[PDB]
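Shown here: entry-v7.cif, mmCIF, C-alpha atoms and all ligand atoms.
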data_start
loop_
_atom_site.label_atom_id
_atom_site.label_comp_id
_atom_site.auth_asym_id
_atom_site.auth_seq_id
_atom_site.Cartn_x
_atom_site.Cartn_y
_atom_site.Cartn_z
CA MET A 1 -2.95 -9.23 -27.67
CA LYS A 2 -0.89 -6.05 -27.97
CA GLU A 3 0.70 -3.79 -25.35
CA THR A 4 1.37 -0.18 -26.33
CA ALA A 5 4.14 1.95 -24.79
CA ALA A 6 1.49 3.90 -22.88
CA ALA A 7 0.15 0.65 -21.44
CA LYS A 8 3.62 -0.51 -20.49
CA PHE A 9 4.10 2.75 -18.56
CA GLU A 10 0.86 2.04 -16.69
CA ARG A 11 2.00 -1.48 -15.82
CA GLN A 12 5.51 -0.40 -14.78
CA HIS A 13 4.74 2.87 -12.95
CA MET A 14 1.06 3.41 -12.04
CA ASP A 15 -0.94 2.25 -9.03
CA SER A 16 -4.10 4.29 -8.76
CA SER A 17 -5.81 1.82 -6.43
CA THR A 18 -3.95 2.91 -3.30
CA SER A 19 -3.12 6.33 -1.76
CA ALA A 20 0.34 5.09 -0.72
CA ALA A 21 2.28 1.80 -0.41
CA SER A 22 -0.09 -0.57 1.37
CA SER A 23 2.52 -2.50 3.35
CA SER A 24 6.23 -2.93 3.91
CA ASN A 25 6.07 -5.83 1.40
CA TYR A 26 4.46 -3.71 -1.31
CA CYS A 27 7.51 -3.42 -3.51
CA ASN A 28 8.31 -7.13 -3.37
CA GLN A 29 4.70 -7.84 -4.34
CA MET A 30 4.44 -5.23 -7.10
CA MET A 31 7.83 -5.79 -8.72
CA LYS A 32 6.81 -9.43 -9.19
CA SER A 33 3.12 -8.93 -10.11
CA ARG A 34 3.87 -6.22 -12.69
CA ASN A 35 6.49 -8.54 -14.29
CA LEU A 36 9.51 -6.34 -13.63
CA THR A 37 11.76 -9.18 -12.36
CA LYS A 38 11.51 -11.72 -15.18
CA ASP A 39 15.16 -11.85 -16.36
CA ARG A 40 17.09 -9.84 -13.77
CA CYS A 41 16.29 -7.71 -10.73
CA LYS A 42 15.33 -4.20 -11.76
CA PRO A 43 17.39 -2.15 -9.23
CA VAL A 44 14.97 0.73 -8.77
CA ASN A 45 11.42 1.45 -9.84
CA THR A 46 8.89 4.15 -8.98
CA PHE A 47 5.13 3.69 -8.67
CA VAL A 48 2.78 6.69 -8.71
CA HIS A 49 -0.34 6.67 -6.48
CA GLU A 50 -2.47 9.12 -8.41
CA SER A 51 -5.32 8.87 -10.87
CA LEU A 52 -4.44 8.02 -14.43
CA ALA A 53 -6.05 11.29 -15.57
CA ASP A 54 -3.84 13.30 -13.23
CA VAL A 55 -0.65 11.62 -14.44
CA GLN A 56 -1.68 11.87 -18.13
CA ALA A 57 -2.20 15.57 -17.55
CA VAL A 58 1.55 16.04 -16.89
CA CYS A 59 2.16 15.78 -20.65
CA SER A 60 0.55 19.25 -20.90
CA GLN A 61 2.60 20.80 -18.08
CA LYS A 62 6.27 21.91 -17.74
CA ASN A 63 8.57 20.96 -20.61
CA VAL A 64 12.01 20.04 -19.16
CA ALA A 65 15.20 18.15 -20.06
CA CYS A 66 15.38 14.39 -19.56
CA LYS A 67 18.20 13.02 -17.39
CA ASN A 68 19.95 11.72 -20.53
CA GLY A 69 20.20 15.13 -22.20
CA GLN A 70 17.14 14.79 -24.42
CA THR A 71 14.69 17.69 -24.13
CA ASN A 72 11.33 15.97 -24.52
CA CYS A 73 10.22 15.42 -20.91
CA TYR A 74 7.49 17.03 -18.80
CA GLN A 75 7.51 17.88 -15.09
CA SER A 76 4.37 17.95 -12.97
CA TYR A 77 3.13 21.11 -11.29
CA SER A 78 1.59 19.01 -8.54
CA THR A 79 3.40 17.06 -5.84
CA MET A 80 2.41 13.36 -6.16
CA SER A 81 2.35 10.40 -3.82
CA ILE A 82 5.01 7.92 -4.99
CA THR A 83 6.68 4.69 -3.85
CA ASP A 84 10.32 3.98 -4.70
CA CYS A 85 11.26 0.33 -4.78
CA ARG A 86 14.98 -0.25 -4.22
CA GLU A 87 16.88 -3.55 -4.12
CA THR A 88 18.23 -4.59 -0.75
CA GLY A 89 21.88 -5.49 -0.19
CA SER A 90 21.01 -9.19 -0.10
CA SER A 91 18.81 -9.24 -3.21
CA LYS A 92 20.00 -11.84 -5.73
CA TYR A 93 18.19 -13.01 -8.82
CA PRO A 94 15.92 -15.03 -9.00
CA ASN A 95 15.16 -14.09 -5.39
CA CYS A 96 14.81 -10.35 -5.81
CA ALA A 97 14.16 -8.33 -2.68
CA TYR A 98 13.09 -4.70 -2.27
CA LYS A 99 12.69 -2.03 0.35
CA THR A 100 9.53 0.09 0.13
CA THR A 101 10.13 3.84 0.50
CA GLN A 102 7.45 6.55 0.36
CA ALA A 103 7.66 10.15 -0.86
CA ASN A 104 5.68 13.10 -2.15
CA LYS A 105 7.45 14.68 -5.09
CA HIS A 106 7.07 16.12 -8.56
CA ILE A 107 7.46 13.60 -11.37
CA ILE A 108 9.09 13.87 -14.79
CA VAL A 109 7.80 11.77 -17.70
CA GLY A 110 8.28 11.47 -21.45
CA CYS A 111 5.19 11.51 -23.66
CA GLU A 112 4.04 10.26 -27.08
CA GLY A 113 0.91 9.68 -29.15
CA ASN A 114 -2.67 10.88 -29.65
CA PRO A 115 -3.78 11.05 -26.90
CA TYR A 116 -0.49 12.52 -25.73
CA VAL A 117 0.33 10.39 -22.70
CA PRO A 118 3.30 9.12 -20.71
CA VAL A 119 5.50 6.35 -22.09
CA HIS A 120 8.63 6.85 -19.95
CA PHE A 121 9.25 7.57 -16.26
CA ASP A 122 12.33 9.81 -16.02
CA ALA A 123 12.62 10.99 -12.42
CA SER A 124 11.00 12.31 -9.26
CA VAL A 125 12.15 15.75 -8.04
CA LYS B 2 -0.15 -12.75 -4.51
CA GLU B 3 -0.48 -10.77 -1.26
CA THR B 4 1.29 -12.36 1.77
CA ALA B 5 -0.55 -12.82 5.04
CA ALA B 6 1.69 -10.27 6.72
CA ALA B 7 1.04 -7.72 3.95
CA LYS B 8 -2.72 -8.29 4.23
CA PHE B 9 -2.54 -7.60 7.96
CA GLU B 10 -0.80 -4.26 7.31
CA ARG B 11 -3.37 -3.26 4.63
CA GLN B 12 -6.30 -4.28 6.76
CA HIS B 13 -5.14 -3.12 10.20
CA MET B 14 -2.35 -0.48 10.15
CA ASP B 15 -2.81 3.30 9.91
CA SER B 16 0.07 5.20 11.47
CA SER B 17 -0.72 8.30 9.37
CA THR B 18 -2.83 9.64 12.25
CA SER B 19 -2.73 9.35 16.08
CA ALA B 20 -6.49 8.64 16.21
CA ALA B 21 -9.49 8.72 13.88
CA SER B 22 -10.11 12.34 12.93
CA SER B 23 -13.75 11.91 11.86
CA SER B 24 -16.80 9.74 12.53
CA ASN B 25 -16.66 8.99 8.78
CA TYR B 26 -13.23 7.39 9.21
CA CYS B 27 -14.47 3.82 8.95
CA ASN B 28 -16.71 4.41 5.96
CA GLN B 29 -13.82 5.98 4.07
CA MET B 30 -11.05 3.62 5.19
CA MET B 31 -12.95 0.37 4.88
CA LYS B 32 -13.47 1.34 1.24
CA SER B 33 -9.99 2.70 0.52
CA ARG B 34 -8.19 -0.33 2.02
CA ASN B 35 -10.41 -2.62 -0.13
CA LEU B 36 -12.16 -4.29 2.78
CA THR B 37 -15.51 -3.77 1.02
CA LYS B 38 -14.46 -5.02 -2.42
CA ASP B 39 -16.69 -8.07 -2.84
CA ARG B 40 -18.75 -7.77 0.33
CA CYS B 41 -18.94 -5.67 3.47
CA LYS B 42 -16.50 -6.93 6.07
CA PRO B 43 -18.57 -6.75 9.22
CA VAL B 44 -15.86 -5.74 11.71
CA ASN B 45 -12.35 -4.32 11.48
CA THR B 46 -9.80 -2.61 13.69
CA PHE B 47 -7.19 -0.07 12.61
CA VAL B 48 -4.13 0.45 14.79
CA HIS B 49 -2.58 3.92 15.08
CA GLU B 50 0.93 2.90 16.12
CA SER B 51 4.17 2.35 14.30
CA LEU B 52 4.60 -0.87 12.31
CA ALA B 53 7.56 -1.81 14.49
CA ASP B 54 5.53 -1.43 17.70
CA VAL B 55 2.78 -3.69 16.35
CA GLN B 56 5.19 -6.33 14.98
CA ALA B 57 6.86 -6.45 18.39
CA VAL B 58 3.64 -7.75 19.95
CA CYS B 59 4.54 -11.18 18.55
CA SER B 60 7.36 -11.22 21.17
CA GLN B 61 5.11 -10.11 24.06
CA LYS B 62 2.45 -11.99 26.08
CA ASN B 63 1.38 -15.36 24.60
CA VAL B 64 -2.39 -15.85 24.97
CA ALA B 65 -5.20 -17.96 23.54
CA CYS B 66 -7.01 -16.82 20.42
CA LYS B 67 -10.80 -16.58 20.45
CA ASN B 68 -11.08 -19.87 18.57
CA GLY B 69 -8.64 -21.65 20.88
CA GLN B 70 -5.49 -21.41 18.75
CA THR B 71 -2.33 -20.71 20.76
CA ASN B 72 -0.40 -18.37 18.39
CA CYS B 73 -1.97 -15.16 19.73
CA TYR B 74 -0.10 -12.42 21.54
CA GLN B 75 -1.33 -9.58 23.75
CA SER B 76 0.41 -6.22 23.74
CA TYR B 77 2.12 -5.26 27.01
CA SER B 78 0.96 -1.63 26.52
CA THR B 79 -2.36 -0.19 25.39
CA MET B 80 -2.49 1.15 21.84
CA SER B 81 -4.55 3.75 20.00
CA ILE B 82 -7.06 1.96 17.78
CA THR B 83 -10.25 2.53 15.84
CA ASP B 84 -13.00 -0.07 15.85
CA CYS B 85 -15.23 -0.31 12.76
CA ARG B 86 -18.56 -2.13 13.01
CA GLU B 87 -20.97 -2.61 10.12
CA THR B 88 -24.41 -1.12 10.80
CA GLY B 89 -27.65 -3.05 10.61
CA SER B 90 -28.69 -1.11 7.54
CA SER B 91 -25.47 -1.64 5.56
CA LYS B 92 -26.03 -3.18 2.13
CA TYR B 93 -23.22 -3.97 -0.29
CA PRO B 94 -21.80 -2.11 -2.19
CA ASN B 95 -23.01 0.81 -0.06
CA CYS B 96 -21.29 -0.50 3.07
CA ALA B 97 -21.88 1.57 6.23
CA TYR B 98 -19.95 1.57 9.54
CA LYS B 99 -19.93 2.95 13.06
CA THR B 100 -16.55 4.39 14.12
CA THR B 101 -15.36 3.97 17.73
CA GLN B 102 -12.11 5.40 19.10
CA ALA B 103 -10.31 3.31 21.69
CA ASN B 104 -7.08 2.80 23.58
CA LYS B 105 -6.74 -0.83 24.55
CA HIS B 106 -4.41 -3.85 24.44
CA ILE B 107 -4.44 -5.62 21.08
CA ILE B 108 -4.35 -9.36 20.52
CA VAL B 109 -2.88 -10.62 17.24
CA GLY B 110 -2.10 -14.00 15.74
CA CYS B 111 1.47 -14.42 14.53
CA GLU B 112 3.23 -16.54 11.93
CA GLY B 113 6.27 -16.72 9.73
CA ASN B 114 9.95 -15.89 9.40
CA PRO B 115 10.14 -13.25 10.65
CA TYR B 116 7.37 -13.96 13.15
CA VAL B 117 4.87 -11.17 12.56
CA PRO B 118 1.15 -10.42 12.82
CA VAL B 119 -1.07 -12.11 10.24
CA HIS B 120 -4.44 -11.88 12.01
CA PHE B 121 -6.16 -9.36 14.28
CA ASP B 122 -8.00 -11.33 16.98
CA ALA B 123 -9.38 -8.96 19.61
CA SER B 124 -8.83 -5.85 21.71
CA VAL B 125 -9.19 -5.95 25.48
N1 LIG A 201 11.25 9.83 -24.06
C1 LIG A 201 11.92 8.61 -23.71
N2 LIG A 201 11.40 7.42 -24.05
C2 LIG A 201 12.02 6.29 -23.72
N3 LIG A 201 13.19 6.30 -23.06
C3 LIG A 201 13.76 7.46 -22.69
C4 LIG A 201 13.13 8.66 -23.01
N4 LIG A 201 13.88 9.67 -22.55
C5 LIG A 201 14.96 9.13 -21.96
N5 LIG A 201 14.90 7.79 -22.03
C6 LIG A 201 15.88 6.83 -21.50
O1 LIG A 201 15.34 5.52 -21.57
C7 LIG A 201 15.80 4.74 -20.43
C8 LIG A 201 14.60 4.21 -19.67
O2 LIG A 201 14.02 3.08 -20.31
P1 LIG A 201 12.44 2.84 -20.29
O3 LIG A 201 11.87 3.66 -19.17
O4 LIG A 201 12.17 1.40 -19.92
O5 LIG A 201 11.86 3.42 -21.56
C9 LIG A 201 16.72 5.66 -19.62
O6 LIG A 201 18.07 5.46 -20.04
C10 LIG A 201 16.26 7.05 -20.04
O7 LIG A 201 17.24 8.06 -19.89
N1 LIG A 202 -16.46 -13.19 6.78
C1 LIG A 202 -16.39 -12.65 8.11
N2 LIG A 202 -17.51 -12.48 8.85
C2 LIG A 202 -17.42 -11.99 10.09
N3 LIG A 202 -16.26 -11.62 10.64
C3 LIG A 202 -15.12 -11.76 9.94
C4 LIG A 202 -15.15 -12.28 8.65
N4 LIG A 202 -13.88 -12.32 8.19
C5 LIG A 202 -13.08 -11.84 9.16
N5 LIG A 202 -13.82 -11.51 10.23
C6 LIG A 202 -13.35 -10.88 11.47
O1 LIG A 202 -12.39 -9.91 11.12
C7 LIG A 202 -11.46 -9.72 12.22
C8 LIG A 202 -10.06 -9.67 11.68
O2 LIG A 202 -9.66 -10.91 11.11
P1 LIG A 202 -8.39 -11.00 10.14
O3 LIG A 202 -8.87 -10.60 8.77
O4 LIG A 202 -8.09 -12.45 10.24
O5 LIG A 202 -7.24 -10.15 10.68
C9 LIG A 202 -11.77 -10.82 13.24
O6 LIG A 202 -12.54 -10.25 14.31
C10 LIG A 202 -12.66 -11.79 12.47
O7 LIG A 202 -13.61 -12.45 13.28
#
Represent the structure of the file as structure tokens.
Amino acid sequence: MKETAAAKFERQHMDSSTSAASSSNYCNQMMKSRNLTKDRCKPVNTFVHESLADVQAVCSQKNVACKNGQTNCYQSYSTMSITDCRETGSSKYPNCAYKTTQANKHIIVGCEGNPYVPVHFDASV
Amino acid sequence: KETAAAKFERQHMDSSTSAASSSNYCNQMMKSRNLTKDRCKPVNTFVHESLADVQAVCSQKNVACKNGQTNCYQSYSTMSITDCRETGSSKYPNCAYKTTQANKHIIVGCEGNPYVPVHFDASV
């Protein structure tokens, strides 16, 4: 099988099946099930609770600078439901541990391809 | 995958509202919380209280579960809840429910470390 960059973005950052984090254990569950804790604990990770079509649409919205100085990112007009997963103070690989936080913010993504779709999650703002 | 405690929160917690805002609440929420995925779950209760207040019930009044198990706990205070009951006409995947608002003690089964709700047993 093959996984494209667009597909990796879906795995790492999309959860369209829920309107918000479904429990206080959501981040522990998702960081493991989406394979984001294989070799080390990823310290932070954002999941977006919107339809795939609505997130793909951001690649046609506001062109902005990426947090690393590049200029090829896009910011959403809409405010989106997101979960931020952040490592707890006691988290220690291979026993990673996360706190589930909820927010409603604009997102910034980097895009590639035809169709032109997200391949990188830059920030929420 | 999903822990028993996490499943309880998905199935039974909705602190986004103080009470059900619509008679359609159960039809919409039973679907959106995936309780109708493979079949229509015939009964379900949603609790409109904070997670902390519901988890604390596991430190309150020890009581018997409906099946006789002894790990059930009854809330000291009444809580705002919504009862969802499948109708006689309901046919999967078009699951259909009656919504009933209530304010009653809840009875939950508890397990784990920390000791938290994993099962919703009854309201009284
Ligand atoms: N368009 C982009 N594609 C991939 N990575 C980017 C892009 N723009 C910035 N980055 C940087 O890539 C890193 C994130 O890695 P990843 O999200 O796994 O692609 C961060 O250091 C970002 O600043
Ligand atoms: N397959 C089923 N048929 C009828 N009632 C069920 C079924 N599964 C769970 N219940 C009921 O669902 C409620 C919540 O149980 P629980 O999912 O264990 O928190 C209890 O009143 C159970 O009796």
*Counting all atoms listed in the file, name the residues that have an atom within 9 Å of an atom of ligand LIG 202 (chain A); the answer should be given as JSON, numbers by chain.*
{"B": [8, 9, 12, 13, 40, 41, 42, 43, 44, 45, 46, 67, 109, 110, 118, 119, 120, 121, 122, 123]}
Go ahead and dump the residues you just picked, C-alpha atoms, as a PDB file, in the frame of the given file.
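Final file, result_18.pdb:
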ATOM      1  CA  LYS B   8      -2.720  -8.290   4.230  1.00  0.00           C
ATOM      2  CA  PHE B   9      -2.540  -7.600   7.960  1.00  0.00           C
ATOM      3  CA  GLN B  12      -6.300  -4.280   6.760  1.00  0.00           C
ATOM      4  CA  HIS B  13      -5.140  -3.120  10.200  1.00  0.00           C
ATOM      5  CA  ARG B  40     -18.750  -7.770   0.330  1.00  0.00           C
ATOM      6  CA  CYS B  41     -18.940  -5.670   3.470  1.00  0.00           C
ATOM      7  CA  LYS B  42     -16.500  -6.930   6.070  1.00  0.00           C
ATOM      8  CA  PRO B  43     -18.570  -6.750   9.220  1.00  0.00           C
ATOM      9  CA  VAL B  44     -15.860  -5.740  11.710  1.00  0.00           C
ATOM     10  CA  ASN B  45     -12.350  -4.320  11.480  1.00  0.00           C
ATOM     11  CA  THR B  46      -9.800  -2.610  13.690  1.00  0.00           C
ATOM     12  CA  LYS B  67     -10.800 -16.580  20.450  1.00  0.00           C
ATOM     13  CA  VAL B 109      -2.880 -10.620  17.240  1.00  0.00           C
ATOM     14  CA  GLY B 110      -2.100 -14.000  15.740  1.00  0.00           C
ATOM     15  CA  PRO B 118       1.150 -10.420  12.820  1.00  0.00           C
ATOM     16  CA  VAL B 119      -1.070 -12.110  10.240  1.00  0.00           C
ATOM     17  CA  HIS B 120      -4.440 -11.880  12.010  1.00  0.00           C
ATOM     18  CA  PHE B 121      -6.160  -9.360  14.280  1.00  0.00           C
ATOM     19  CA  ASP B 122      -8.000 -11.330  16.980  1.00  0.00           C
ATOM     20  CA  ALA B 123      -9.380  -8.960  19.610  1.00  0.00           C
TER      21      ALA B 123
END
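Non-sequential neighbours of residue 95 of chain B (distance at most 12 Å, separation of 3 or more positions within a chain, all atoms listed in the file) are residues 28, 29, 31, 32, 37, 38, 39, 40, 41, 42, 87, 88, 90, 91, 92 and 98 of chain B.
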*Looking at A:107, A:66, A:31, A:73, which one is nearest to chain B, with distances taken over only C-alpha atoms?*
A:31
*Find the residues near ligand LIG 201 (chain A). Use a cut-off of 9 Å, count all atoms listed in the file, and write them as a PyMOL selection string.*
chain A and resi 5+8-9+12+65-73+109-112+118-122
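Taking atom CA of residue 125 of chain B as the reference point, atom CA of residue 81 of chain B is found at 12.1 Å.
Near chain A, within 9 Å and using only C-alpha atoms, the residues of chain B are residues 2, 3, 4, 6, 7, 8, 9, 10, 11, 14, 33, 34, 35 and 52 of chain B.
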With C-alpha atoms retained, export the selected residues as a PDB file, keeping the file's coordinate frame.
ATOM      1  CA  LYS B   2      -0.150 -12.750  -4.510  1.00  0.00           C
ATOM      2  CA  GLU B   3      -0.480 -10.770  -1.260  1.00  0.00           C
ATOM      3  CA  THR B   4       1.290 -12.360   1.770  1.00  0.00           C
ATOM      4  CA  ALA B   6       1.690 -10.270   6.720  1.00  0.00           C
ATOM      5  CA  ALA B   7       1.040  -7.720   3.950  1.00  0.00           C
ATOM      6  CA  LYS B   8      -2.720  -8.290   4.230  1.00  0.00           C
ATOM      7  CA  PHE B   9      -2.540  -7.600   7.960  1.00  0.00           C
ATOM      8  CA  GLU B  10      -0.800  -4.260   7.310  1.00  0.00           C
ATOM      9  CA  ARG B  11      -3.370  -3.260   4.630  1.00  0.00           C
ATOM     10  CA  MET B  14      -2.350  -0.480  10.150  1.00  0.00           C
ATOM     11  CA  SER B  33      -9.990   2.700   0.520  1.00  0.00           C
ATOM     12  CA  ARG B  34      -8.190  -0.330   2.020  1.00  0.00           C
ATOM     13  CA  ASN B  35     -10.410  -2.620  -0.130  1.00  0.00           C
ATOM     14  CA  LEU B  52       4.600  -0.870  12.310  1.00  0.00           C
TER      15      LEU B  52
END
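You can rank A:91, A:124, A:114, A:78 by their closest distance to residue 40 of chain A using only C-alpha atoms, and at the top of that list sits A:91.
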*Write out as a ChimeraX atom specification which residues come within 9 Å of residue 15 of chain B when counting only C-alpha atoms, dropping same-chain ones fewer than 6 positions away.*
/B:47-52
_Nearby residues (only C-alpha atoms) at most 7 Å from residue 106 of chain B, same-chain spacing under 3 positions excluded, as a list in words_ =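 Near neighbours after the sequence-gap exclusion: residues 75, 76, 78, 79, 80, 124 and 125 of chain B.
Selection around (10.8, -16.5, 14.6) with radius 12 Å, counting all atoms listed in the file, yields the residues residues 56, 57, 59, 60, 72, 111, 112, 113, 114, 115, 116, 117 and 118 of chain B.
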For the residues in that selection, give me C-alpha atoms as a PDB file, in the coordinates of the input.
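Result went into selection19.pdb, see below:
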ATOM      1  CA  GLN B  56       5.190  -6.330  14.980  1.00  0.00           C
ATOM      2  CA  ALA B  57       6.860  -6.450  18.390  1.00  0.00           C
ATOM      3  CA  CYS B  59       4.540 -11.180  18.550  1.00  0.00           C
ATOM      4  CA  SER B  60       7.360 -11.220  21.170  1.00  0.00           C
ATOM      5  CA  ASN B  72      -0.400 -18.370  18.390  1.00  0.00           C
ATOM      6  CA  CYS B 111       1.470 -14.420  14.530  1.00  0.00           C
ATOM      7  CA  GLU B 112       3.230 -16.540  11.930  1.00  0.00           C
ATOM      8  CA  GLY B 113       6.270 -16.720   9.730  1.00  0.00           C
ATOM      9  CA  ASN B 114       9.950 -15.890   9.400  1.00  0.00           C
ATOM     10  CA  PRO B 115      10.140 -13.250  10.650  1.00  0.00           C
ATOM     11  CA  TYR B 116       7.370 -13.960  13.150  1.00  0.00           C
ATOM     12  CA  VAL B 117       4.870 -11.170  12.560  1.00  0.00           C
ATOM     13  CA  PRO B 118       1.150 -10.420  12.820  1.00  0.00           C
TER      14      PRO B 118
END
Could you give me the centre and size, in Å to one decimal, of an axis-aligned box around all listed atoms of segment 83-93 of chain A with 5 Å added on every side, as AutoDock Vina command-line options?
--center_x 14.3 --center_y -4.2 --center_z -4.5 --size_x 25.2 --size_y 27.7 --size_z 18.7
*segment 49-61 of chain A surroundings by only C-alpha atoms, 7 Å radius, close-in-sequence under 4 positions cut, as a PyMOL selection string*: chain A and resi 14-16+18-20+74-77+80-82+111+116-118
*asked:* Give me, as an MDAnalysis selection string, all polymer residues having an atom no more than 9 Å from residue 26 of chain B, counting only C-alpha atoms and skipping those fewer than 5 positions away in the same chain.
replied: chainID B and resid 21 31 83 85 98:100
*For residue 95 of chain A, which of A:27, A:1, A:41, A:125 is the closest residue, counting only C-alpha atoms?*
A:41
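The two atoms in question, atom CA of residue 103 of chain A and atom CA of residue 44 of chain A, are spaced 14.3 Å apart.
Interatomic distance, atom CA of residue 85 of chain A to atom CA of residue 48 of chain A: 11.3 Å.
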